[PDB]
Amino acid sequence: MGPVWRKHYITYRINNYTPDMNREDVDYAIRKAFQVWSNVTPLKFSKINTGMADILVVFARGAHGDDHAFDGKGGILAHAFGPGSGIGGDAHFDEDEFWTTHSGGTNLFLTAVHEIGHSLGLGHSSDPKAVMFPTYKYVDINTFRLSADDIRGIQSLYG
Ligand SMILES: NC(=O)[C@H](CCC(=O)O)NC(=O)[C@H](CCC(=O)O)NC(=O)CCc1cc(-c2ccc(-c3cccc(Cl)c3)cc2)no1
Ligand SMILES: [Ca+2]
Ligand SMILES: [Ca+2]
Ligand SMILES: [Ca+2]
Ligand SMILES: [Zn+2]
Ligand SMILES: [Zn+2]
């Protein structure tokens with residue numbers, strides 16, 4: 001078992017907003033992505049605008065201040081740090097992607113589900129059905145379900 005948050009109340013903050021989407025659509029996608037994980041664990045997530053936010057959500061491009069530089073449009077879509085203080089837990093999204101509420105460009109919701117999985121301590125899954133599989137693929141939000149493997153993984157960390 002890798003690092004996990006040692007509390008069940010976890011805050012997040014949206015540092016900045018991609019211009020690709022309306023602001024309310026970014027809020028909604030991120031909120032719904034957290035809800036995917038709280039639906040199957042004892043964890044609760046609250047959005048705050050300053051202060052001690054555990055998970056900082058950031059949109060940035062190329063070299064952006066950590067050791068995980070982005071690569072322009074395509075390739076790496078986002079990355080996130082596992083539980084820990086400071087940069088720990090933070091989720092970074094490559095602004096060179098075109099973020100969407102839908103199937104065009106890169107769907108922010110699904111990518112956020114994957115990245116939050118990392119922010120909570122999950123590694124990649126070798127199961128192609130799992131949201132933690134390494135490669136992105138689109139599916140409608142209304143049809144999306146965590147896989148049994150994703151649920152096994154997150155419940156092994158938090159119950
Ligand atoms: N196919 C690709 O490789 C794409 C885009 C290609 C491009 O335009 O160059 N890039 C990415 O995928 C990069 C790859 C980084 C690397 O090269 O290793 N991945 C990263 O950046 C990881 C981020 C990521 C992965 C996912 C994901 C979404 C849905 C499912 C899902 C599971 C089951 C059923 C269904 Cl329908 C969907 C699984 C994973 N969201 O954000
Ligand atoms: Ca943090
Ligand atoms: Ca990229
Ligand atoms: Ca963009
Ligand atoms: Zn980063
Ligand atoms: Zn990943």
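Quick note: residue numbers are just sequence positions, from 1. We use all heavy atoms of the structure for the numbers below, so side chains are in, but hydrogens, waters and symmetry mates are not. When a ligand or atom number is given, it counts from 1 through the structure's own listing order.
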Any protein heavy-atom neighbour for [atom] (distance below 4.0 angstrom)?
{"atom": "atom 40 (N) of ligand 1", "value": "yes"}
{"atom": "atom 18 (O) of ligand 1", "value": "no"}
{"atom": "atom 23 (C) of ligand 1", "value": "yes"}

Check the orientation of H79 and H92. Use parallel for under 30°, tilted for 30 to 60°, and perpendicular for over 60°.
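Geometry flag for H92 against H79: perpendicular rings.
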Any idea how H64 and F70 line up, ring-wise: parallel (<30°), tilted (30 to 60°), or perpendicular (>60°)?
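Rings of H64 and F70: parallel, as their planes differ by under 30°.
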Heavy atom of the protein closest to [atom] (residue, atom name, distance):
{"atom": "atom 20 (C) of ligand 1", "answer": "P134 O, 3.8 Å"}
{"atom": "atom 32 (C) of ligand 1", "answer": "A130 O, 3.2 Å"}
{"atom": "atom 33 (C) of ligand 1", "answer": "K129 O, 3.1 Å"}
{"atom": "atom 8 (O) of ligand 1", "answer": "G74 CA, 3.5 Å"}
{"atom": "atom 3 (O) of ligand 1", "answer": "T135 CG2, 4.0 Å"}
{"atom": "atom 12 (O) of ligand 1", "answer": "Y136 N, 2.9 Å"}
{"atom": "atom 14 (C) of ligand 1", "answer": "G75 O, 3.8 Å"}
{"atom": "atom 37 (C) of ligand 1", "answer": "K137 CG, 3.1 Å"}

Polar contact flag for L77 and ligand 1 (N/O pairs, less than 3.5 Å):
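N/O-N/O distance under 3.5 Å: yes.
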Pick one of side chain, backbone, both or neither for how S147 approaches ligand 1, counting any non-hydrogen atom pair under 4.0 Å.
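Looking at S147 and ligand 1, no heavy atom falls under 4.0 Å.
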If you measure from each non-hydrogen atom of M132 to ligand 1, which part falls under 4.0 Å: side chain, backbone, both or neither?
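Neither; nothing of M132 gets under 4.0 Å from ligand 1.
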Does [atom1] in [X] sit with more than 12 non-hydrogen atoms of other residues, nucleotides or ligands closer than 6.0 Å?
{"X": "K73", "atom1": "NZ", "answer": "yes"}
{"X": "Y28", "atom1": "OH", "answer": "no"}
{"X": "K129", "atom1": "NZ", "answer": "no"}

Taking atom CD of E115 and atom CG of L122, what is their separation to the nearest 0.5 Å?
11.5 Å
Can you tell me how far OG1 of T106 sits from CG of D20, rounded to the nearest 0.5 angstrom?
9.0 Å
Looking at ligand 1, is there an atom of it that comes within less than 4.0 Å of some heavy atom belonging to [X]?
{"X": "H79", "result": "no"}
{"X": "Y138", "result": "yes"}
{"X": "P128", "result": "yes"}

Measuring to the Ca ion (ligand 2), does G86 have an N/O/S atom at a distance below 3.0 Å?
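An N, O or S atom of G86 is closer than 3.0 Å to the Ca ion (ligand 2), so yes.
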The Ca ion (ligand 2) contact by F81, N, O or S atom under 3.0 Å
no
Which atoms of ligand 1 sit under 4.0 Å from any heavy atom of [X]?
{"X": "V139", "value": "36 (Cl)"}
{"X": "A78", "value": "21 (O)"}
{"X": "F133", "value": "38 (C), 39 (C)"}
{"X": "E115", "value": "23 (C)"}

Taking the side chain from [X] and the backbone from [Y], do they hold a donor-acceptor pair closer than 3.5 Å?
{"X": "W99", "Y": "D94", "result": "yes"}
{"X": "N16", "Y": "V58", "result": "no"}
{"X": "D150", "Y": "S147", "result": "yes"}

Heavy atoms, side chains only, cut-off 4.5 Å: are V40 and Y158 in contact?
no
Would you name the heavy atoms of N107 and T111 that are closest together and state the gap between them?
O-OG1, 2.9 Å
Report, rounded to 10°, the angle at the Ca ion (ligand 2) between the two atoms OD1 (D90) and O (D54).
90°
Check each of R23, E95, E97 against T18 using the side-chain hydrogen bond (donor to acceptor under 3.5 Å, both in side chains) test, and report the only one that passes.
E95
Are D149 and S125 close enough that a side-chain donor and a side-chain acceptor fall under 3.5 Å?
yes
Considering just N/O/S atoms, say which atom of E97 is closest to the Ca ion (ligand 4).
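Nearest N/O/S atom: O.
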The ring pair (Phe, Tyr, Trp, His ring centres under 6.0 Å) partner of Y12 among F45, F34, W37, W5 is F34
So, 3.0 Å as the limit: is an N/O/S atom of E95 located closer than that to the Ca ion (ligand 4)?
yes
